[PDB]
file upload_27.cif (mmCIF, N, CA and C atoms)
data_final
loop_
_atom_site.label_atom_id
_atom_site.label_comp_id
_atom_site.auth_asym_id
_atom_site.auth_seq_id
_atom_site.Cartn_x
_atom_site.Cartn_y
_atom_site.Cartn_z
N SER A 1856 -120.46 -19.08 18.23
CA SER A 1856 -119.41 -18.06 18.05
C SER A 1856 -118.51 -18.06 19.31
N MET A 1857 -117.57 -17.10 19.38
CA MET A 1857 -116.52 -17.07 20.39
C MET A 1857 -117.13 -17.00 21.77
N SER A 1858 -116.84 -18.06 22.55
CA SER A 1858 -117.31 -18.29 23.93
C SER A 1858 -118.83 -18.55 24.03
N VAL A 1859 -119.43 -19.08 22.97
CA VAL A 1859 -120.88 -19.29 22.91
C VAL A 1859 -121.06 -20.60 22.17
N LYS A 1860 -121.11 -21.70 22.93
CA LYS A 1860 -121.15 -23.02 22.34
C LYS A 1860 -122.46 -23.74 22.60
N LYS A 1861 -122.99 -24.39 21.55
CA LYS A 1861 -124.05 -25.36 21.69
C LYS A 1861 -123.62 -26.44 22.68
N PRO A 1862 -124.59 -27.10 23.34
CA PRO A 1862 -124.24 -28.25 24.18
C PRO A 1862 -123.47 -29.37 23.45
N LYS A 1863 -122.52 -29.96 24.21
CA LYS A 1863 -121.53 -30.93 23.68
C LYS A 1863 -122.13 -32.33 23.49
N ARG A 1864 -122.50 -32.66 22.24
CA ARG A 1864 -122.77 -34.05 21.83
C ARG A 1864 -121.59 -35.00 22.16
N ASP A 1865 -121.95 -36.21 22.58
CA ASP A 1865 -120.96 -37.18 23.01
C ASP A 1865 -120.46 -37.95 21.78
N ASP A 1866 -119.20 -37.74 21.43
CA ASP A 1866 -118.65 -38.34 20.22
C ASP A 1866 -117.70 -39.52 20.52
N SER A 1867 -117.67 -39.93 21.79
CA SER A 1867 -116.63 -40.81 22.32
C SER A 1867 -116.73 -42.26 21.83
N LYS A 1868 -117.94 -42.65 21.42
CA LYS A 1868 -118.25 -43.99 20.95
C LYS A 1868 -118.40 -44.07 19.43
N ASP A 1869 -118.17 -42.97 18.73
CA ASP A 1869 -118.37 -42.89 17.28
C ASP A 1869 -117.44 -43.81 16.46
N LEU A 1870 -116.18 -43.91 16.87
CA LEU A 1870 -115.20 -44.77 16.20
C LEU A 1870 -115.62 -46.25 16.21
N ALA A 1871 -115.96 -46.70 17.41
CA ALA A 1871 -116.49 -48.02 17.63
C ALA A 1871 -117.73 -48.30 16.82
N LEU A 1872 -118.68 -47.38 16.86
CA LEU A 1872 -119.94 -47.52 16.12
C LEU A 1872 -119.77 -47.59 14.57
N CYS A 1873 -118.93 -46.72 14.01
CA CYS A 1873 -118.64 -46.70 12.56
C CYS A 1873 -118.00 -48.01 12.10
N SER A 1874 -117.06 -48.50 12.91
CA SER A 1874 -116.45 -49.82 12.75
C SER A 1874 -117.46 -50.97 12.76
N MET A 1875 -118.45 -50.88 13.63
CA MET A 1875 -119.52 -51.87 13.69
C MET A 1875 -120.31 -51.88 12.39
N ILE A 1876 -120.74 -50.69 11.97
CA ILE A 1876 -121.48 -50.49 10.73
C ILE A 1876 -120.70 -50.98 9.52
N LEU A 1877 -119.40 -50.73 9.53
CA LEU A 1877 -118.49 -51.15 8.48
C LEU A 1877 -118.36 -52.67 8.47
N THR A 1878 -118.21 -53.31 9.64
CA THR A 1878 -118.18 -54.81 9.70
C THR A 1878 -119.47 -55.42 9.15
N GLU A 1879 -120.60 -54.81 9.47
CA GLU A 1879 -121.90 -55.25 9.00
C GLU A 1879 -121.96 -55.09 7.48
N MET A 1880 -121.26 -54.12 6.93
CA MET A 1880 -121.28 -53.96 5.47
C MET A 1880 -120.31 -54.86 4.75
N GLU A 1881 -119.12 -55.02 5.33
CA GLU A 1881 -118.15 -56.03 4.90
C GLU A 1881 -118.70 -57.45 4.81
N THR A 1882 -119.63 -57.81 5.66
CA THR A 1882 -120.14 -59.18 5.76
C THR A 1882 -121.50 -59.38 5.03
N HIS A 1883 -122.05 -58.35 4.41
CA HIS A 1883 -123.28 -58.47 3.61
C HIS A 1883 -122.97 -59.26 2.31
N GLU A 1884 -123.90 -60.10 1.88
CA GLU A 1884 -123.63 -60.93 0.70
C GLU A 1884 -123.52 -60.17 -0.62
N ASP A 1885 -124.13 -59.02 -0.69
CA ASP A 1885 -123.92 -58.10 -1.80
C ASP A 1885 -122.72 -57.12 -1.73
N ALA A 1886 -121.81 -57.31 -0.80
CA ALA A 1886 -120.63 -56.42 -0.67
C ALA A 1886 -119.51 -56.69 -1.66
N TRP A 1887 -119.61 -57.79 -2.40
CA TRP A 1887 -118.47 -58.28 -3.18
C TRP A 1887 -117.89 -57.30 -4.22
N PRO A 1888 -118.75 -56.45 -4.87
CA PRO A 1888 -118.19 -55.49 -5.80
C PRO A 1888 -117.40 -54.39 -5.12
N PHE A 1889 -117.44 -54.34 -3.79
CA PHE A 1889 -116.99 -53.16 -3.01
C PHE A 1889 -115.87 -53.43 -1.99
N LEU A 1890 -115.49 -54.69 -1.81
CA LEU A 1890 -114.55 -55.08 -0.79
C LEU A 1890 -113.10 -54.58 -1.04
N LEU A 1891 -112.70 -54.60 -2.32
CA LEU A 1891 -111.36 -54.24 -2.73
C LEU A 1891 -111.39 -53.11 -3.74
N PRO A 1892 -110.27 -52.34 -3.86
CA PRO A 1892 -110.19 -51.33 -4.93
C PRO A 1892 -110.35 -51.95 -6.33
N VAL A 1893 -111.04 -51.23 -7.22
CA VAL A 1893 -111.22 -51.65 -8.62
C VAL A 1893 -109.82 -51.58 -9.21
N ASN A 1894 -109.45 -52.67 -9.90
CA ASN A 1894 -108.11 -52.81 -10.56
C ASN A 1894 -108.04 -51.90 -11.77
N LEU A 1895 -107.24 -50.85 -11.66
CA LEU A 1895 -107.25 -49.79 -12.65
C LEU A 1895 -106.47 -50.16 -13.89
N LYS A 1896 -105.65 -51.21 -13.79
CA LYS A 1896 -105.02 -51.82 -14.96
C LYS A 1896 -106.03 -52.62 -15.78
N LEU A 1897 -106.96 -53.30 -15.12
CA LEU A 1897 -107.78 -54.32 -15.79
C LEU A 1897 -109.19 -53.93 -16.11
N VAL A 1898 -109.65 -52.77 -15.64
CA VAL A 1898 -110.99 -52.28 -15.97
C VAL A 1898 -110.80 -51.02 -16.78
N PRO A 1899 -110.88 -51.15 -18.11
CA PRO A 1899 -110.93 -50.00 -19.02
C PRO A 1899 -111.98 -48.97 -18.64
N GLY A 1900 -111.57 -47.72 -18.63
CA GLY A 1900 -112.46 -46.61 -18.30
C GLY A 1900 -112.36 -46.09 -16.88
N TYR A 1901 -112.07 -46.98 -15.92
CA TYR A 1901 -112.31 -46.60 -14.52
C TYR A 1901 -111.46 -45.42 -14.07
N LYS A 1902 -110.17 -45.49 -14.42
CA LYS A 1902 -109.17 -44.52 -14.00
C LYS A 1902 -109.60 -43.13 -14.44
N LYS A 1903 -110.00 -43.04 -15.70
CA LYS A 1903 -110.29 -41.74 -16.29
C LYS A 1903 -111.65 -41.20 -15.88
N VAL A 1904 -112.60 -42.11 -15.76
CA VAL A 1904 -113.94 -41.73 -15.47
C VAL A 1904 -114.14 -41.42 -14.02
N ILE A 1905 -113.63 -42.28 -13.14
CA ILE A 1905 -113.91 -42.19 -11.68
C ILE A 1905 -112.82 -41.42 -10.96
N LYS A 1906 -113.14 -40.18 -10.64
CA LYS A 1906 -112.13 -39.25 -10.12
C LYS A 1906 -111.56 -39.60 -8.71
N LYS A 1907 -112.40 -40.21 -7.86
CA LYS A 1907 -112.06 -40.54 -6.51
C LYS A 1907 -112.51 -41.95 -6.17
N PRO A 1908 -111.78 -42.97 -6.65
CA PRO A 1908 -112.03 -44.36 -6.27
C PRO A 1908 -112.10 -44.57 -4.75
N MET A 1909 -113.07 -45.38 -4.33
CA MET A 1909 -113.23 -45.72 -2.92
C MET A 1909 -113.81 -47.12 -2.79
N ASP A 1910 -113.35 -47.85 -1.76
CA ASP A 1910 -113.87 -49.17 -1.43
C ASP A 1910 -113.84 -49.41 0.08
N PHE A 1911 -114.45 -50.49 0.55
CA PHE A 1911 -114.52 -50.80 1.98
C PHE A 1911 -113.17 -51.04 2.62
N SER A 1912 -112.27 -51.78 1.96
CA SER A 1912 -110.93 -52.07 2.53
C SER A 1912 -110.10 -50.80 2.75
N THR A 1913 -110.31 -49.78 1.92
CA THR A 1913 -109.66 -48.50 2.04
C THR A 1913 -110.31 -47.69 3.14
N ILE A 1914 -111.63 -47.79 3.23
CA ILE A 1914 -112.35 -47.16 4.33
C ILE A 1914 -111.89 -47.77 5.66
N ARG A 1915 -111.67 -49.09 5.71
CA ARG A 1915 -111.26 -49.77 6.96
C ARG A 1915 -109.84 -49.36 7.37
N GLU A 1916 -108.92 -49.33 6.42
CA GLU A 1916 -107.56 -48.80 6.70
C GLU A 1916 -107.58 -47.33 7.25
N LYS A 1917 -108.32 -46.42 6.61
CA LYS A 1917 -108.42 -45.04 7.09
C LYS A 1917 -109.04 -44.93 8.51
N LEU A 1918 -110.05 -45.74 8.78
CA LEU A 1918 -110.70 -45.72 10.09
C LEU A 1918 -109.71 -46.17 11.17
N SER A 1919 -109.06 -47.32 10.93
CA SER A 1919 -108.01 -47.89 11.80
C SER A 1919 -106.72 -47.06 12.01
N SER A 1920 -106.46 -46.05 11.20
CA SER A 1920 -105.26 -45.24 11.27
C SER A 1920 -105.57 -43.76 11.50
N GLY A 1921 -106.73 -43.50 12.11
CA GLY A 1921 -107.10 -42.16 12.48
C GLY A 1921 -107.19 -41.21 11.33
N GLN A 1922 -107.60 -41.67 10.14
CA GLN A 1922 -107.73 -40.75 8.99
C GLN A 1922 -109.11 -40.06 8.78
N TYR A 1923 -110.13 -40.48 9.55
CA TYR A 1923 -111.44 -39.80 9.61
C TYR A 1923 -111.47 -38.84 10.79
N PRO A 1924 -111.51 -37.52 10.48
CA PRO A 1924 -111.63 -36.55 11.58
C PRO A 1924 -112.95 -36.61 12.35
N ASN A 1925 -114.03 -37.04 11.70
CA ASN A 1925 -115.34 -37.16 12.35
C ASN A 1925 -116.28 -38.13 11.60
N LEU A 1926 -117.46 -38.39 12.16
CA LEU A 1926 -118.40 -39.34 11.52
C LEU A 1926 -118.96 -38.85 10.16
N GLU A 1927 -118.95 -37.54 9.89
CA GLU A 1927 -119.41 -37.05 8.59
C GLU A 1927 -118.46 -37.39 7.44
N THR A 1928 -117.16 -37.33 7.69
CA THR A 1928 -116.18 -37.65 6.71
C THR A 1928 -116.16 -39.15 6.43
N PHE A 1929 -116.43 -39.97 7.44
CA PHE A 1929 -116.59 -41.42 7.24
C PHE A 1929 -117.80 -41.74 6.32
N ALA A 1930 -118.95 -41.13 6.62
CA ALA A 1930 -120.19 -41.33 5.81
C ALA A 1930 -120.01 -40.92 4.34
N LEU A 1931 -119.17 -39.93 4.11
CA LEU A 1931 -118.88 -39.44 2.78
C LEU A 1931 -118.14 -40.45 1.89
N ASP A 1932 -117.21 -41.18 2.49
CA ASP A 1932 -116.42 -42.17 1.78
C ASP A 1932 -117.29 -43.38 1.49
N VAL A 1933 -118.22 -43.70 2.40
CA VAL A 1933 -119.14 -44.83 2.17
C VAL A 1933 -120.09 -44.47 1.03
N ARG A 1934 -120.72 -43.30 1.12
CA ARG A 1934 -121.58 -42.85 0.02
C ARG A 1934 -120.85 -42.80 -1.31
N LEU A 1935 -119.63 -42.25 -1.31
CA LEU A 1935 -118.76 -42.24 -2.49
C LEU A 1935 -118.59 -43.62 -3.18
N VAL A 1936 -118.49 -44.68 -2.38
CA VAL A 1936 -118.47 -46.04 -2.92
C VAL A 1936 -119.66 -46.26 -3.86
N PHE A 1937 -120.84 -45.82 -3.42
CA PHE A 1937 -122.11 -46.11 -4.08
C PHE A 1937 -122.42 -45.15 -5.21
N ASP A 1938 -122.03 -43.90 -5.01
CA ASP A 1938 -122.09 -42.92 -6.08
C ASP A 1938 -121.17 -43.30 -7.23
N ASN A 1939 -119.98 -43.79 -6.95
CA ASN A 1939 -119.09 -44.31 -8.02
C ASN A 1939 -119.72 -45.48 -8.73
N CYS A 1940 -120.30 -46.39 -7.94
CA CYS A 1940 -120.98 -47.55 -8.50
C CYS A 1940 -122.06 -47.13 -9.53
N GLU A 1941 -122.83 -46.10 -9.18
CA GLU A 1941 -123.91 -45.61 -10.04
C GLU A 1941 -123.38 -44.96 -11.31
N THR A 1942 -122.26 -44.25 -11.19
CA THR A 1942 -121.62 -43.63 -12.33
C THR A 1942 -121.17 -44.67 -13.39
N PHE A 1943 -120.67 -45.82 -12.96
CA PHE A 1943 -120.04 -46.76 -13.85
C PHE A 1943 -120.91 -47.97 -14.23
N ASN A 1944 -122.08 -48.15 -13.58
CA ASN A 1944 -122.88 -49.37 -13.76
C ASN A 1944 -124.35 -49.09 -14.06
N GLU A 1945 -124.94 -49.89 -14.95
CA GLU A 1945 -126.36 -49.75 -15.24
C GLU A 1945 -127.10 -50.26 -13.98
N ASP A 1946 -128.21 -49.60 -13.65
CA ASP A 1946 -129.09 -50.05 -12.56
C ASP A 1946 -129.53 -51.51 -12.74
N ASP A 1947 -129.81 -51.90 -13.98
CA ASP A 1947 -130.17 -53.27 -14.28
C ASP A 1947 -128.88 -54.09 -14.59
N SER A 1948 -128.10 -54.31 -13.54
CA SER A 1948 -126.98 -55.23 -13.57
C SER A 1948 -126.79 -55.75 -12.16
N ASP A 1949 -126.13 -56.89 -12.01
CA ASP A 1949 -125.86 -57.38 -10.68
C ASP A 1949 -125.14 -56.33 -9.82
N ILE A 1950 -124.09 -55.70 -10.33
CA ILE A 1950 -123.32 -54.72 -9.56
C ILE A 1950 -124.14 -53.46 -9.27
N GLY A 1951 -124.85 -52.95 -10.28
CA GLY A 1951 -125.77 -51.82 -10.12
C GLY A 1951 -126.84 -52.05 -9.05
N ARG A 1952 -127.39 -53.26 -8.98
CA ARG A 1952 -128.38 -53.65 -7.95
C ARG A 1952 -127.76 -53.76 -6.54
N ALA A 1953 -126.65 -54.51 -6.45
CA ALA A 1953 -125.78 -54.56 -5.26
C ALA A 1953 -125.53 -53.16 -4.68
N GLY A 1954 -125.25 -52.20 -5.55
CA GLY A 1954 -124.95 -50.87 -5.13
C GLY A 1954 -126.12 -50.22 -4.44
N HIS A 1955 -127.29 -50.26 -5.08
CA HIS A 1955 -128.59 -49.77 -4.52
C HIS A 1955 -128.99 -50.46 -3.21
N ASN A 1956 -128.82 -51.78 -3.16
CA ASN A 1956 -129.07 -52.58 -1.96
C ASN A 1956 -128.17 -52.13 -0.78
N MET A 1957 -126.86 -52.05 -1.06
CA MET A 1957 -125.84 -51.70 -0.05
C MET A 1957 -126.01 -50.28 0.49
N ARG A 1958 -126.44 -49.37 -0.36
CA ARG A 1958 -126.72 -47.99 0.04
C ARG A 1958 -127.88 -47.92 1.01
N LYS A 1959 -128.96 -48.64 0.66
CA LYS A 1959 -130.13 -48.73 1.49
C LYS A 1959 -129.80 -49.34 2.85
N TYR A 1960 -129.12 -50.47 2.82
CA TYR A 1960 -128.58 -51.09 4.04
C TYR A 1960 -127.79 -50.13 4.94
N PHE A 1961 -126.95 -49.29 4.33
CA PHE A 1961 -126.06 -48.39 5.07
C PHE A 1961 -126.83 -47.26 5.71
N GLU A 1962 -127.70 -46.64 4.92
CA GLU A 1962 -128.44 -45.47 5.37
C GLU A 1962 -129.39 -45.80 6.53
N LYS A 1963 -129.95 -47.01 6.54
CA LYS A 1963 -130.75 -47.48 7.66
C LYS A 1963 -129.89 -47.59 8.94
N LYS A 1964 -128.76 -48.28 8.85
CA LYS A 1964 -127.84 -48.42 9.99
C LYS A 1964 -127.40 -47.06 10.51
N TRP A 1965 -127.20 -46.12 9.61
CA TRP A 1965 -126.68 -44.81 9.96
C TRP A 1965 -127.69 -44.05 10.78
N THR A 1966 -128.91 -43.99 10.28
CA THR A 1966 -129.99 -43.28 10.92
C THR A 1966 -130.31 -43.91 12.25
N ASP A 1967 -130.42 -45.24 12.27
CA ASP A 1967 -130.72 -45.95 13.50
C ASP A 1967 -129.66 -45.80 14.56
N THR A 1968 -128.40 -45.57 14.15
CA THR A 1968 -127.29 -45.49 15.09
C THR A 1968 -127.03 -44.09 15.65
N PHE A 1969 -127.42 -43.04 14.93
CA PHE A 1969 -126.98 -41.67 15.23
C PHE A 1969 -128.12 -40.61 15.31
N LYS A 1970 -129.10 -40.65 14.40
CA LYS A 1970 -130.30 -39.76 14.46
C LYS A 1970 -131.48 -40.32 15.32
#
call {"tool": "encode", "arguments": {"input": "upload_27.cif", "output": "structure tokens"}}
result
Amino acid sequence: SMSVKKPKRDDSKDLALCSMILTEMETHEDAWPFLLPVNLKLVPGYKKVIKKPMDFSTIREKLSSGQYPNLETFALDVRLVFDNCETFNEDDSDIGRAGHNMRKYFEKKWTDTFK
């Protein structure tokens, strides 16, 4: 509350670290369904079904242009990638599996880097 602050966590290296995690995800062999925005002209259903499209290239542009106010908002867009994947894909499909794999990969990096 007013004039009563918890001790100041060091956030100065967060931008660098998120970028590292993002490069590690960009270069994973299962990243291919997630590198670019889903083509809303060519995939029937996506536009209407998926309210907030998200992909890695869009996450990289936002990170590079100061569009993430903090590390929580960055984690949200990454999770959103995978939550969208689950909404539109059967678990028993290459893309559905990629999605589960990439989420697991991300959450490990996240915990190891920050908690």
call {"tool": "residues_around", "arguments": {"input": "upload_27.cif", "residues": "stretch 1947-1957 of chain A", "least_positions_apart": "4", "cutoff": "7 Å", "atoms": "only C-alpha atoms", "output": "MDAnalysis selection string"}}
result
chainID A and resid 1885 1888 1937 1940:1941 1961
call {"tool": "write_last_selection", "arguments": {"input": "upload_27.cif", "atoms": "N, CA and C atoms", "output": "JSON list (two decimals), keeping the file's coordinate frame"}}
result
[["chain", "number", "residue", "atom", "x", "y", "z"],
["A", 1885, "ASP", "N", -124.13, -59.02, -0.69],
["A", 1885, "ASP", "CA", -123.92, -58.10, -1.80],
["A", 1885, "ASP", "C", -122.72, -57.12, -1.73],
["A", 1888, "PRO", "N", -118.75, -56.45, -4.87],
["A", 1888, "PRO", "CA", -118.19, -55.49, -5.80],
["A", 1888, "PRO", "C", -117.40, -54.39, -5.12],
["A", 1937, "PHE", "N", -120.84, -45.82, -3.42],
["A", 1937, "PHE", "CA", -122.11, -46.11, -4.08],
["A", 1937, "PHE", "C", -122.42, -45.15, -5.21],
["A", 1940, "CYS", "N", -120.30, -46.39, -7.94],
["A", 1940, "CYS", "CA", -120.98, -47.55, -8.50],
["A", 1940, "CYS", "C", -122.06, -47.13, -9.53],
["A", 1941, "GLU", "N", -122.83, -46.10, -9.18],
["A", 1941, "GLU", "CA", -123.91, -45.61, -10.04],
["A", 1941, "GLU", "C", -123.38, -44.96, -11.31],
["A", 1961, "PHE", "N", -126.95, -49.29, 4.33],
["A", 1961, "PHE", "CA", -126.06, -48.39, 5.07],
["A", 1961, "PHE", "C", -126.83, -47.26, 5.71]]
call {"tool": "closest_residue", "arguments": {"input": "upload_27.cif", "among": "A:1970, A:1904, A:1924, A:1965", "to": "residue A:1876", "atoms": "all atoms listed in the file"}}
result
A:1965
call {"tool": "select_by_dssp", "arguments": {"input": "upload_27.cif", "residues": "chain A", "states": "helix (DSSP H, G or I)", "output": "compact mmCIF listing (two decimals) with N, CA and C atoms, keeping the file's coordinate frame"}}
result
# COMPACT_ATOMS: atom_id res chain seq x y z
N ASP A 1869 -118.17 -42.97 18.73
CA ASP A 1869 -118.37 -42.89 17.28
C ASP A 1869 -117.44 -43.81 16.46
N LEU A 1870 -116.18 -43.91 16.87
CA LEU A 1870 -115.20 -44.77 16.20
C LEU A 1870 -115.62 -46.25 16.21
N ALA A 1871 -115.96 -46.70 17.41
CA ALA A 1871 -116.49 -48.02 17.63
C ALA A 1871 -117.73 -48.30 16.82
N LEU A 1872 -118.68 -47.38 16.86
CA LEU A 1872 -119.94 -47.52 16.12
C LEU A 1872 -119.77 -47.59 14.57
N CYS A 1873 -118.93 -46.72 14.01
CA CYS A 1873 -118.64 -46.70 12.56
C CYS A 1873 -118.00 -48.01 12.10
N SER A 1874 -117.06 -48.50 12.91
CA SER A 1874 -116.45 -49.82 12.75
C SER A 1874 -117.46 -50.97 12.76
N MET A 1875 -118.45 -50.88 13.63
CA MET A 1875 -119.52 -51.87 13.69
C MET A 1875 -120.31 -51.88 12.39
N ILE A 1876 -120.74 -50.69 11.97
CA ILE A 1876 -121.48 -50.49 10.73
C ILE A 1876 -120.70 -50.98 9.52
N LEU A 1877 -119.40 -50.73 9.53
CA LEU A 1877 -118.49 -51.15 8.48
C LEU A 1877 -118.36 -52.67 8.47
N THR A 1878 -118.21 -53.31 9.64
CA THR A 1878 -118.18 -54.81 9.70
C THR A 1878 -119.47 -55.42 9.15
N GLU A 1879 -120.60 -54.81 9.47
CA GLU A 1879 -121.90 -55.25 9.00
C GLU A 1879 -121.96 -55.09 7.48
N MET A 1880 -121.26 -54.12 6.93
CA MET A 1880 -121.28 -53.96 5.47
C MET A 1880 -120.31 -54.86 4.75
N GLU A 1881 -119.12 -55.02 5.33
CA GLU A 1881 -118.15 -56.03 4.90
C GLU A 1881 -118.70 -57.45 4.81
N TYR A 1901 -112.07 -46.98 -15.92
CA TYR A 1901 -112.31 -46.60 -14.52
C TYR A 1901 -111.46 -45.42 -14.07
N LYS A 1902 -110.17 -45.49 -14.42
CA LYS A 1902 -109.17 -44.52 -14.00
C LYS A 1902 -109.60 -43.13 -14.44
N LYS A 1903 -110.00 -43.04 -15.70
CA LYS A 1903 -110.29 -41.74 -16.29
C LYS A 1903 -111.65 -41.20 -15.88
N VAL A 1904 -112.60 -42.11 -15.76
CA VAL A 1904 -113.94 -41.73 -15.47
C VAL A 1904 -114.14 -41.42 -14.02
N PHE A 1911 -114.45 -50.49 0.55
CA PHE A 1911 -114.52 -50.80 1.98
C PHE A 1911 -113.17 -51.04 2.62
N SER A 1912 -112.27 -51.78 1.96
CA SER A 1912 -110.93 -52.07 2.53
C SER A 1912 -110.10 -50.80 2.75
N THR A 1913 -110.31 -49.78 1.92
CA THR A 1913 -109.66 -48.50 2.04
C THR A 1913 -110.31 -47.69 3.14
N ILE A 1914 -111.63 -47.79 3.23
CA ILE A 1914 -112.35 -47.16 4.33
C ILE A 1914 -111.89 -47.77 5.66
N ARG A 1915 -111.67 -49.09 5.71
CA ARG A 1915 -111.26 -49.77 6.96
C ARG A 1915 -109.84 -49.36 7.37
N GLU A 1916 -108.92 -49.33 6.42
CA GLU A 1916 -107.56 -48.80 6.70
C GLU A 1916 -107.58 -47.33 7.25
N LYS A 1917 -108.32 -46.42 6.61
CA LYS A 1917 -108.42 -45.04 7.09
C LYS A 1917 -109.04 -44.93 8.51
N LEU A 1918 -110.05 -45.74 8.78
CA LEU A 1918 -110.70 -45.72 10.09
C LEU A 1918 -109.71 -46.17 11.17
N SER A 1919 -109.06 -47.32 10.93
CA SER A 1919 -108.01 -47.89 11.80
C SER A 1919 -106.72 -47.06 12.01
N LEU A 1926 -117.46 -38.39 12.16
CA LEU A 1926 -118.40 -39.34 11.52
C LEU A 1926 -118.96 -38.85 10.16
N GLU A 1927 -118.95 -37.54 9.89
CA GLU A 1927 -119.41 -37.05 8.59
C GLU A 1927 -118.46 -37.39 7.44
N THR A 1928 -117.16 -37.33 7.69
CA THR A 1928 -116.18 -37.65 6.71
C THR A 1928 -116.16 -39.15 6.43
N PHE A 1929 -116.43 -39.97 7.44
CA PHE A 1929 -116.59 -41.42 7.24
C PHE A 1929 -117.80 -41.74 6.32
N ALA A 1930 -118.95 -41.13 6.62
CA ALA A 1930 -120.19 -41.33 5.81
C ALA A 1930 -120.01 -40.92 4.34
N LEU A 1931 -119.17 -39.93 4.11
CA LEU A 1931 -118.88 -39.44 2.78
C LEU A 1931 -118.14 -40.45 1.89
N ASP A 1932 -117.21 -41.18 2.49
CA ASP A 1932 -116.42 -42.17 1.78
C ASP A 1932 -117.29 -43.38 1.49
N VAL A 1933 -118.22 -43.70 2.40
CA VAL A 1933 -119.14 -44.83 2.17
C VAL A 1933 -120.09 -44.47 1.03
N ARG A 1934 -120.72 -43.30 1.12
CA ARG A 1934 -121.58 -42.85 0.02
C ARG A 1934 -120.85 -42.80 -1.31
N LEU A 1935 -119.63 -42.25 -1.31
CA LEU A 1935 -118.76 -42.24 -2.49
C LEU A 1935 -118.59 -43.62 -3.18
N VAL A 1936 -118.49 -44.68 -2.38
CA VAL A 1936 -118.47 -46.04 -2.92
C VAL A 1936 -119.66 -46.26 -3.86
N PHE A 1937 -120.84 -45.82 -3.42
CA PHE A 1937 -122.11 -46.11 -4.08
C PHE A 1937 -122.42 -45.15 -5.21
N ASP A 1938 -122.03 -43.90 -5.01
CA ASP A 1938 -122.09 -42.92 -6.08
C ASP A 1938 -121.17 -43.30 -7.23
N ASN A 1939 -119.98 -43.79 -6.95
CA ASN A 1939 -119.09 -44.31 -8.02
C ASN A 1939 -119.72 -45.48 -8.73
N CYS A 1940 -120.30 -46.39 -7.94
CA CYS A 1940 -120.98 -47.55 -8.50
C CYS A 1940 -122.06 -47.13 -9.53
N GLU A 1941 -122.83 -46.10 -9.18
CA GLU A 1941 -123.91 -45.61 -10.04
C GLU A 1941 -123.38 -44.96 -11.31
N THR A 1942 -122.26 -44.25 -11.19
CA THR A 1942 -121.62 -43.63 -12.33
C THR A 1942 -121.17 -44.67 -13.39
N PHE A 1943 -120.67 -45.82 -12.96
CA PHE A 1943 -120.04 -46.76 -13.85
C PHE A 1943 -120.91 -47.97 -14.23
N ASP A 1949 -126.13 -56.89 -12.01
CA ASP A 1949 -125.86 -57.38 -10.68
C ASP A 1949 -125.14 -56.33 -9.82
N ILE A 1950 -124.09 -55.70 -10.33
CA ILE A 1950 -123.32 -54.72 -9.56
C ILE A 1950 -124.14 -53.46 -9.27
N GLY A 1951 -124.85 -52.95 -10.28
CA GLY A 1951 -125.77 -51.82 -10.12
C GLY A 1951 -126.84 -52.05 -9.05
N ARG A 1952 -127.39 -53.26 -8.98
CA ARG A 1952 -128.38 -53.65 -7.95
C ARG A 1952 -127.76 -53.76 -6.54
N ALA A 1953 -126.65 -54.51 -6.45
CA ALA A 1953 -125.78 -54.56 -5.26
C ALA A 1953 -125.53 -53.16 -4.68
N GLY A 1954 -125.25 -52.20 -5.55
CA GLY A 1954 -124.95 -50.87 -5.13
C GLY A 1954 -126.12 -50.22 -4.44
N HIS A 1955 -127.29 -50.26 -5.08
CA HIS A 1955 -128.59 -49.77 -4.52
C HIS A 1955 -128.99 -50.46 -3.21
N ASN A 1956 -128.82 -51.78 -3.16
CA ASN A 1956 -129.07 -52.58 -1.96
C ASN A 1956 -128.17 -52.13 -0.78
N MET A 1957 -126.86 -52.05 -1.06
CA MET A 1957 -125.84 -51.70 -0.05
C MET A 1957 -126.01 -50.28 0.49
N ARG A 1958 -126.44 -49.37 -0.36
CA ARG A 1958 -126.72 -47.99 0.04
C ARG A 1958 -127.88 -47.92 1.01
N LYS A 1959 -128.96 -48.64 0.66
CA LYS A 1959 -130.13 -48.73 1.49
C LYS A 1959 -129.80 -49.34 2.85
N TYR A 1960 -129.12 -50.47 2.82
CA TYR A 1960 -128.58 -51.09 4.04
C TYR A 1960 -127.79 -50.13 4.94
N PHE A 1961 -126.95 -49.29 4.33
CA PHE A 1961 -126.06 -48.39 5.07
C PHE A 1961 -126.83 -47.26 5.71
N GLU A 1962 -127.70 -46.64 4.92
CA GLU A 1962 -128.44 -45.47 5.37
C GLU A 1962 -129.39 -45.80 6.53
N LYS A 1963 -129.95 -47.01 6.54
CA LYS A 1963 -130.75 -47.48 7.66
C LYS A 1963 -129.89 -47.59 8.94
N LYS A 1964 -128.76 -48.28 8.85
CA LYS A 1964 -127.84 -48.42 9.99
C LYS A 1964 -127.40 -47.06 10.51
N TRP A 1965 -127.20 -46.12 9.61
CA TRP A 1965 -126.68 -44.81 9.96
C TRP A 1965 -127.69 -44.05 10.78
N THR A 1966 -128.91 -43.99 10.28
CA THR A 1966 -129.99 -43.28 10.92
C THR A 1966 -130.31 -43.91 12.25
N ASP A 1967 -130.42 -45.24 12.27
CA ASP A 1967 -130.72 -45.95 13.50
C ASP A 1967 -129.66 -45.80 14.56
N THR A 1968 -128.40 -45.57 14.15
CA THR A 1968 -127.29 -45.49 15.09
C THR A 1968 -127.03 -44.09 15.65
N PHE A 1969 -127.42 -43.04 14.93
CA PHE A 1969 -126.98 -41.67 15.23
C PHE A 1969 -128.12 -40.61 15.31
call {"tool": "atom_distance", "arguments": {"input": "upload_27.cif", "atom1": "atom CA of residue A:1893", "atom2": "atom C of residue A:1962"}}
result
24.4 Å
call {"tool": "atom_distance", "arguments": {"input": "upload_27.cif", "atom1": "atom CA of residue A:1914", "atom2": "atom CA of residue A:1865"}}
result
22.9 Å
call {"tool": "atom_distance", "arguments": {"input": "upload_27.cif", "atom1": "atom CA of residue A:1890", "atom2": "atom N of residue A:1968"}}
result
22.5 Å
call {"tool": "closest_residue", "arguments": {"input": "upload_27.cif", "among": "A:1931, A:1898, A:1877, A:1891", "to": "residue A:1913", "atoms": "all atoms listed in the file"}}
result
A:1891
